[PDB]
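Okay, so we've got a single protein chain in two different forms coming up as structure tokens, structure 1 first and structure 2 after it.
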Structure 1
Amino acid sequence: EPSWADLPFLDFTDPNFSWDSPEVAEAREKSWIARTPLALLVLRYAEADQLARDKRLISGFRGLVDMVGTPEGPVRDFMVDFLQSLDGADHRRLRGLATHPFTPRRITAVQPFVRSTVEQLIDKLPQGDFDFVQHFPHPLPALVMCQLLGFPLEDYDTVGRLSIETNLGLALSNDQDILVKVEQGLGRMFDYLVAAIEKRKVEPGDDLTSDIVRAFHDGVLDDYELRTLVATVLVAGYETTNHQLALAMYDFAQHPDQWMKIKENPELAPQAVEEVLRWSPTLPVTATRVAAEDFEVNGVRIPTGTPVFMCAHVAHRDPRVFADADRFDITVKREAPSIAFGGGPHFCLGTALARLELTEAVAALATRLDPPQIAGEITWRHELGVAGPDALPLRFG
């Protein structure tokens, strides 16, 4: 395309690439949209928010899977069939059956559980240098997922590890050898999920697994769709929340004075979480979309079949919308929210829940503990999709 000529080039698949490099900022200043090998990347806030819900764009995940050349198999079947790849009737149908526990009223019903779990987890924290992921960021969303999906709470470590051993990001590749491990992980996770699904087929409960089992008994979805949807919810609910919590500690370790502001006034925790989501969103690229038809935004024309990815990280650093955009500050009253959860019909199902987990965690950690200090080498996730510490050695003073 000729209208693509003057667009800035960025390659976020480069192991040398950084989201906070000067060339990224320069690209955003120059253009609302950048060119990448995989997609057009929307860099500014206004456009990134609006395009995530624009009806001219459908889900881009299937396009991604094919574009990276993921070979045929159970892993590919999951990535092309799961909720995030679906649109229209099929999407509304599946998403609807899993909505109820995430309604911002049922979120309030789970709030006391989230609080006490956080409280318990803080009680069992080590006194010295310890990995925050293993001791908090992993257990918290794992226990929450178990409570939502109806798994025994004692299985929280197993259920978490199941998701860890099935890194879907690694499978967005044509490599056969790395794929074997992802496929092995997927199978093991299904083994656990299917067994729990069969239990709920006999005796349905109040949980989400039982909810979806009820829809199966009413013939709204088939058996394959059932277990995929249970798998979709677990992965989407565990990985992001885990990494985002670890990123929260990372931010506050860099800015220990603002942690103290929350200690003094715990009511600052809601907008503190928002600042964490703004400054370091666990998914730098939020919404992956493909053009369903020909159209034109700001002169740049997008033909049918063009992948368009919303870059939340860069859009959060947009000075057109955010005051002192590159400074981490919890106290500034923001006019616009973070868009760490995407938009449109695909908008994060667990937005309210994720915010509840982050808020309760930050409030209690800041009230009870001294500012976090990095105590060793941080292990970062290098794959496409979820970003953040896989292991975070820290101390609370």
Structure 2
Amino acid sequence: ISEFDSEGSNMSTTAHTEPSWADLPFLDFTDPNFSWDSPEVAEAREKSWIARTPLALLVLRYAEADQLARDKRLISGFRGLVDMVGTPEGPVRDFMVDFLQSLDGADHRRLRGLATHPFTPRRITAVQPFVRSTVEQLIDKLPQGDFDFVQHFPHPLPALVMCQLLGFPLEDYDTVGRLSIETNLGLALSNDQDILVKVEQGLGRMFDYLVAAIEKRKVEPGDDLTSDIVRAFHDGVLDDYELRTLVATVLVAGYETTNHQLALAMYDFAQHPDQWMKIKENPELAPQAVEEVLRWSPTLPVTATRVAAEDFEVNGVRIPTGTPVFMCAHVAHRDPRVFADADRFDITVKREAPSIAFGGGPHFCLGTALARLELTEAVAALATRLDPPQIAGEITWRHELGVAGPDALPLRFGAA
């Protein structure tokens, strides 16, 4: 998410008025040196189900993280944040107030419903051979030495899969990846006009590409998600503005997260090569391994973000209207109430509880099932075909709040 220039302030005034906030641990997650793995983070979770931060209440335990991701009294956060920050009237404000993640209730159900079908079990099964073949072809052409796993694998896979999903030429995967990244939604709640022009231009370039695809599909429809949403448009169900906004939401949400999560898998296995070898010996372990990567290194350590729509109380805490509530999946994933030996990466444990890397409630990740398919096909093939990864240079991390994202991940597969 974009940091908003709360800087503590609105959370501060509320904190000064709420006795039920008096015993809540404080975590300053916006500090450049903060780590989700610091001892004080675990201590905070042991102390309390919820913490205060400068921007939001932060839910630290698994049960409550799922409860509040689903609670209808917690609506999408983006529209209130835009009002607070004072985002000028324009394309950036438009997208932040109207993209699927910002919508609630009937409009949300309507628009989301137009995009759910490619992610049903039968349509995941339908795309699995493409995913498998794409992964195989990427492994085939990997460099033999030290190389950036992002450029050579974690970028192309989800870029190609998004092109295939949305009916873009596969040869546009590089362009599509760039266009997605440069939407820079992580900066969209900035107060700086120069930063917001950069977001405005990124969004504009994306829509340059998307609206051409949409206009093609209006006359030359195919068997793809763009075309399917276009049919809903021809049927009067949504308008042109909604059409492009919905396609853009899906593209942006589906690309960088998946890219990052693939890179994080490799980083985990570089630390634990013995577990890579277990997958190689028994590649049926890949789904369980993927779930352990999602548990231990979720790419969105903050998953569900919400704001209170009314004053209410949950597990002893009064949450006043307008208070942002963020679900800390990273920390919940180490909740000893749910996970055995939670502070160890171990793909060999068959766990009753899944990761909650995809949020929850009506907004839960639209692409959950496709994300897992991509991660599983990748981990199975990489572990079958290659020696364990080891890091080969500086890993460059995205600075965005709530994101664990290697921009570049130099590695080698095997010491030789």
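Take the two forms, superpose them, and find the largest set of C-alpha atoms that agree within 1.5 Å; that set is the rigid core. By convention here, residues take numbers in order along the sequence of structure 1, the first being 1.
| said: Against the rigid core, a Cα displacement of 2 Å or more between structures 1 and 2 applies to just one of 176, 134, 111, 158. Which? | reply: So the only displaced C-alpha belongs to 176.
| said: Following rigid core alignment, is the displacement of the residue 337 C-alpha between structures 1 and 2 equal to or greater than 2 angstroms? | reply: No, the C-alpha moves less than 2 Å.
| said: At a 2 Å cut-off on C-alpha positions, does residue 61 qualify as shifted between structures 1 and 2 after fitting the rigid core? | reply: Yes; that C-alpha moves by at least 2 Å between structures 1 and 2.
| residue 218: CA shift of at least 2 Å between structures 1 and 2 after core fit? | After core superposition, the C-alpha of residue 218 moves less than 2 Å between structures 1 and 2.
| request: Taking the rigid core as fixed, quantify in angstrom how much the C-alpha of residue 77 shifts between structures 1 and 2. | output: Comparing between structures 1 and 2 after core fitting, residue 77 shifts 1.5 Å at its C-alpha.
| query | What is the magnitude, in angstrom, of the C-alpha shift at residue 314 between structures 1 and 2 when the rigid core serves as the superposition reference? | reply | Value for residue 314 between structures 1 and 2: 0.2 Å of C-alpha shift.
| request: Can you read me the CA shift for residue 304 between structures 1 and 2, rigid core superposed, in Å? | output: A shift of 2.5 Å at the C-alpha.
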